[PDB]
């Protein structure tokens, strides 16, 4: 069926977002440079009705120096979204990754994490939480009328099932998460939706840890409207059953669910990638299409619990997964894709992955036909 369909140009193909109207919006992560790209722009206007900044709205991009906010790139994304009636998601207000280090220096300029005096630690905590509020207030007040969905905190639970021990936690403990949400609500109003975003939300012990955390926060009156599931998944993992169990679990707490950074990798973990996009055989696109078919069939079934599904990219010509696309080589210098085969060396991030339902040349892939139809 969808496997025999023609690989027509995606630029004029049936609109993806329209196919899912009344079920959930369809979004894409974007980089400013793409807004100056003829085809990326066409793709956005054509298939998507929700947009998120892939990188220009993260903490270090907004306030790399205390008191100096750089909204130039962010403004460009928001402006484009408004001009095209697209919903907007804010790519995290708090995150341990690439966090501006100045946040964690005490009044004297010393690393807060080194402080041992409980009273000085309390003082440092107040300073950090104050900075956190200023950061959130400035951003939220600037975009509250345009950006409705917000990833207030990102990846705050470790993969070991424990709260991520980042400087935020080491210094302020669990309170940095409570303050982030409360600050967002206070300065953003009751109309914006606040989310806790993370990856591997379907995997234990992370899933239950995440569950308990949000359950306790809500019990304490902390304003959190939903969970963001990054969904950096593979062809057969996590299973649809676990994804469904995960979605229902959180919806049961009265939380909204949004697939925030969806991409269906062609590989496992650790990934053994193909060296180039052309090296990827049709067979791989067929297994991927079958997965996408099951995936969006499950999402529709749960449409009452999912308000948005965003892809972490537009088309296969641009995806952060290439940075993870390690190419393995045997002793004879030949590529090794078989995950169980022996190898000699590894060329990290030199390969290519193909995530999406749209190829590098902006043509629809089998995966597209699989989620565009009603079968």
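Positions refer to the first chain, counted from 1.
The mean C-alpha temperature factor is higher for 161 to 169 when 258 to 266 and 161 to 169 are set side by side. If you average the C-alpha B-factors over 284 to 292 and over 111 to 119, the higher value belongs to 111 to 119. Per the PDB entry, 141 shows the highest C-alpha temperature factor of the residues 244, 151, 198, 141. Residue 85: CA B factor in the highest third of modelled residues in this chain (values from the PDB entry). Residue 352: CA B factor lies in the middle third for its chain, per the PDB record. When the modelled residues of the chain are ordered by their C-alpha B factor, residue 240 lands in the lowest third.
Annotation for residue 29: CA B-factor lies in the lowest third of the chain's modelled residues.
Among the modelled residues of its chain, residue 330 has a C-alpha B-factor that falls in the highest third according to the deposited record.
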